[PDB]
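Report on the structure
As a plain string of letters, each chain reads:
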There are 2 protein chains.
Amino acid sequence: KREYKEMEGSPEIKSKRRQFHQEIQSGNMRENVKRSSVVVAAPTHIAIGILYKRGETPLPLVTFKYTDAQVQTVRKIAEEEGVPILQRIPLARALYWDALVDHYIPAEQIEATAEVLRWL
Amino acid sequence: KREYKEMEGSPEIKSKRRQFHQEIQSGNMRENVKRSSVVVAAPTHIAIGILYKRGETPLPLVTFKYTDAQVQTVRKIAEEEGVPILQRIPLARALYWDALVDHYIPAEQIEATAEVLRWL
Ligand SMILES: [Cl-]
Ligand SMILES: [Cl-]
């Protein structure tokens, strides 16, 4: 179950869940990129993978988070794998801080994520 | 030399430097906390260590970055070691993204960092 489950637990447990899911993230990077529909980025700072396909995913799913120089390797891998990459700084930051990897997007980012998927 | 060296290199090299310095960060956590003067935090999201002592450090130095559930362990260690911990969300975020660990604070955060050190 990839449910974010927002109405459940303190900000403390949510941070433990984020860390725990990040700790099991991998992956490797190539596979993470390949399984994504789109990457949302803050260049040289943040890359977040998003998967959304009608019929498989009820909501957009966060597939990975990478930071700093890794973003440049994500960009290169995305180009080789044909995964579009978009600069969306506020969305990249919010997903960085709040989203759990391998879970559906938080409620607060539904509007912004929908915007990128219309583009895609 | 703990010089941030801001007028040098692209945002790309700065991200490689950040990652590289983060990769050699440790540390362990207890030692990182003990060597700090103060911790600046965004609760459940970010803890940044700052060291400043007249005569040793020309400028405040960033000693560590920790995120998510680690912040709770930082808080507990800081209490045991007598290191004050302050909630400063915009400063914590800016240092998270821009500062290099074991280097002097970026120029943009001089004003905000000075503010916390007057308090301390
Ligand atoms: Cl959900
Ligand atoms: Cl400097």
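Method of structure determination, per the deposited record: X-ray crystallography was used for this entry, reaching 2.00 Å resolution.

With the PDB entry as reference, chain A is termed YSCU, source organism Yersinia enterocolitica.

**Looking at the sheet that holds strand β1 (residues 38–42) of chain B**
All names here are of chain B. What the four strands build is an open sheet, ordered β3-β2-β1-β4; its pairing is mixed. The strands lining the two open edges of the sheet, one partner per strand, are β3 (61–67) and β4 (85–87). When the angles between neighbouring strand axes are averaged without regard to direction, this sheet yields 25°. Of the strand pairs in this sheet, β1 and β4 are connected by three bridges, and their pairing is parallel. Paired with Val40 across the two strands is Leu86, which belongs to β4.

**Points about the relation of the copies chain A and chain B**
Least-squares fitting of chain A to chain B yields an RMSD of 0.0 Å, with the superposition described by an axial translation of 0.0 Å and a rotation of 180°. Taken together, the rotation and translation relating the two chain copies correspond to the operation of a two-fold axis. Of the C-alpha atoms belonging to chain A, the one lying closest to the rotation axis is found on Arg93(A), 5.1 Å away.

**Quick word on the interface of chain A and chain B**
The interface is formed by 18 residues belonging to chain A together with 18 residues belonging to chain B. Between chain A and chain B, roughly 1600 Å² of surface is buried when both sides are summed, and carbon and sulfur atoms account for 58% of that area. Counting across the chain A and chain B interface gives nine residue pairs in polar contact. Sorting the residues of the side of chain A that touches chain B by element identifies α1 (11–23), α3 (70–81) and α4 (89–98) of chain A as the ones contributing at least two each. The element contributing the most residues to the side of chain A that touches chain B is α1(A), with six residues.

**Describing the side chain of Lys14(A)**
Inspection of the secondary structure puts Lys14(A) in helix α1. With residues up to four places along the chain from it excluded, the contact list for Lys14(A) reads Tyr4(A), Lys5(A), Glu6(A), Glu8(A), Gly9(A) and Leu100(A).

**Brief notes about the pairing of strand β2 (residues 46–51) of chain B**
Residue and element names in this part refer to chain B. Counting buried positions along β2 gives six out of six residues, so the element sits mostly inside the fold. Here β2 shows a buried face lined by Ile46, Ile48 and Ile50 and a second buried face lined by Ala47, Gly49 and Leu51. Across five bridges, β1 lies against β2 in antiparallel orientation. Looking at β2, one finds that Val39 is bridged to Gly49. In this structure, the hairpin formed by β1 and β2 is closed by a connection of three residues, where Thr44 is found at a positive phi of approximately 65°. Both β2 and β3 contribute to a ladder of six bridges, which runs antiparallel. Residue pairing for β3: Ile46 is matched across the bridge by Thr67.

**Describing unusual backbone geometry**
Keep in mind that most residues, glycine aside, have a negative phi and that most peptide bonds are trans. Geometrically, the link from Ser26(A) to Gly27(A) is a cis peptide bond, its omega value of 10° lying close to zero. By the element assignment, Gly27(A) lies in the loop between α1 and α2 (29–34). Of note, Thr44(A) is a non-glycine position whose phi angle comes to about 65°, a positive value. Along the chain, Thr44(A) falls in the loop between β1 (38–42) and β2 (46–51). Residue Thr44(A) is classed as buried on the basis of its relative accessible area of 4%. Located in the positive-phi region is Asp102(B), a residue other than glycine, with phi close to 65°.

**A few points about the sheet that holds strand β4 (residues 85–87) of chain A**
Residues and elements named next belong to chain A. Sheet architecture is open: four strands sit in the order β3-β2-β1-β4, paired in mixed fashion. Pairing within the sheet leaves two strands with one partner each, and these edge strands are β3 (61–67) and β4. Averaged over all pairs of adjacent strands, the angle between strand axes in this sheet comes to 25°, irrespective of strand direction. The strands that α3 touches are β1, β2, β3 and β4; relative to β3, the one it contacts most, it runs at about 130°.

**Regarding the layout of surface pockets**
One simple way to see leftover space: roll a probe sized like a water molecule over the atoms. Size it by volume and the largest pocket reaches roughly 900 Å³. If you trace the largest pocket, you find 25 residues lining it, with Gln22(A), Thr67(A), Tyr96(A), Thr67(B) and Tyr96(B) closest to the centre. Tallied by class, residues from the lining of the largest pocket come to six nonpolar, eleven polar and eight charged. Along its surface, the second largest pocket is lined by 13 residues, and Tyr4(A), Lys14(A), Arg18(A), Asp98(A) and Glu108(A) are the ones closest to its centre. Class assignment for the residues of the lining of the second largest pocket results in three nonpolar, five polar and five charged.

Conventions used here
All residue numbers are counted from 1 along each chain's written sequence and may depart from the entry's numbering; residues that have no coordinates are not represented. Here chains are named by letter from A upward and ligands by number from 1 upward, in the order in which they appear as written. Only hydrogens and water are set aside when side-chain values are computed; all heavy atoms of the structure are taken into account. Two strands qualify as a pair provided that DSSP identifies no fewer than 2 bridges between them. The helix count covers DSSP runs of H or I at least four residues long, the strand count covers runs of E at least two residues long, and both are numbered beginning at the N terminus. To get an axis, fit a line to the C-alpha atoms, keeping to the stretch in contact for a helix; angles then go from 0 to 180 degrees between the N-to-C directions. Here the copies share a frame obtained from least-squares fitting of C-alpha atoms. Contacts are assigned to residue pairs with any non-hydrogen atoms lying within 4.5 Å of each other. Summed over both partners, the accessible area (1.4 Å probe) lost when two parts come together is defined as the buried area. A 3.5 Å cut-off defines polar contacts: any pair of N or O atoms within that distance qualifies, except that in protein one atom must be a possible hydrogen donor and the other a possible acceptor, and neighbouring residues in sequence count only when both atoms are side-chain atoms. Residue exposure (1.4 Å probe, protein chains only): buried if accessible area is under 20% of the type maximum, exposed if over 50%, otherwise partly exposed. Lining residues are defined by having an atom within 4 Å of a point belonging to a cavity or pocket. Those points lie on a 1 Å grid over the protein atoms alone, cavities being sets where a 1.4 Å probe fits but cannot get out and pockets being open sets with protein on both sides within 12 Å along at least five of seven lines. Grid points are joined across faces, edges and corners, and a volume is the space filled by probe spheres set on the points. Residues are sorted three ways: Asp, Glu, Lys and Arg are charged, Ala, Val, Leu, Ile, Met, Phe, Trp, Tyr, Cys and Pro are nonpolar, and all the rest, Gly among them, are polar.

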